């Protein structure tokens, strides 16, 4: 056949005029009203197939999982990774690292009791640091992301950062800004015009330095691990990969060299931190906006764990209402609304379209999360989306915040755990009063580009009474 239809592109600038860089999501949703759920767009010179809604996205990413297992691009990030590392890599490189990483993560306790404790501990440290504010009005952004980043850092560096660490903050700051940048208008403008804007002055320059700053940190971290390596006992993820690097040194087709080490650790660092950090941060803002939902959450916590012992992960299966709330946040929040770009591994016949080898696919996860065929009033934050008539947890095939298919988020495991525990724990220990009245809180995002960024806010954590 021929390609998905779509608006007609002008030279160089592609479909710029039919897009609004500040609202990429909306702009493509607007166009889908004109061309159907499967269309082609032009982001500067990148010819992209946009997939929308539960069916289109599934049929590609799952039913034709192999054809769609390629990795497309994300210009800002790829500026630093240049195709190296587990995320922005392809083919042999990608299959190799993804394997190693899933396996290694698991070896250091992921999915098991080993990291559940590490999480329960760090959750401990948070409650402390929050009682430490003693009801004061604060921006939870860093409290949260400090706590999160510590779980992943615990794994990849083999040791948590102390909250006071002036560097730890520095780094957290950078991930925020990168994410923040890539969700701005200019950030999306950069996706289209990167081969030009890279040589120009502007926000992307500050953005580049932020990534270079993180690669520098990582690189300096790695070299310390080499210089102190016990090839018999790995302390952290970096060791495992180093240990493996040594083994593959004679094999010239090996995917385990230094660059891939640095970038995979960076990937794991950024990916493991800023996505969960942002989710929690949005959730709290929503919970405050629906005290109705806040209370019900407390009730189900008191009734199932009590203010007595600290929460355990299996404690999630007796608590549908909190599962429903975490889901509904993950759905409403829509942290990575357009996913990360995929790519077609070979020429592919999809429905009755023809997609060349190497064409980019933007799988609009948001459009699935908001598909009104699976969520009535998809626009509302309301946990009843994930609750049947009898107050039980009801799955949904459209709950795809971690994407689906051959390159889906292999952190979902870790992420689900981090998410349940932190939310539950903080709720057990505090009630939430906002710096404003629930009638005023504005929950709609400050930015939406590559990620969804909640607005900035302050809040107080008060004890329960």
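Positions refer to the first chain, counted from 1.
Legend: mean Cα B-factor per stretch from the PDB entry, 201-209 versus 327-335; the higher mean is in 201-209. Per the PDB record, of the two stretches 274-282 and 103-111, 103-111 carries the greater mean B-factor over its C-alpha atoms. Highest C-alpha temperature factor among 370, 390, 385, 146, as the PDB entry reports it: 390. The residue among 365, 340, 178, 196 whose C-alpha carries the highest B-factor in the deposited model is 196. Sorting the modelled residues of the chain by their CA temperature factor places residue 187 in the lowest third. Compared with the other modelled residues of the chain, the Cα B-factor recorded for residue 431 ranks in the highest third. In the deposited entry, the Cα temperature factor of residue 73 places it in the middle third of its chain's modelled residues. In the deposited entry, the Cα temperature factor of residue 17 sits in the middle third of values across the chain's modelled residues. In the PDB entry, a CA B factor belonging to the middle third of its chain's modelled residues is recorded for residue 263.
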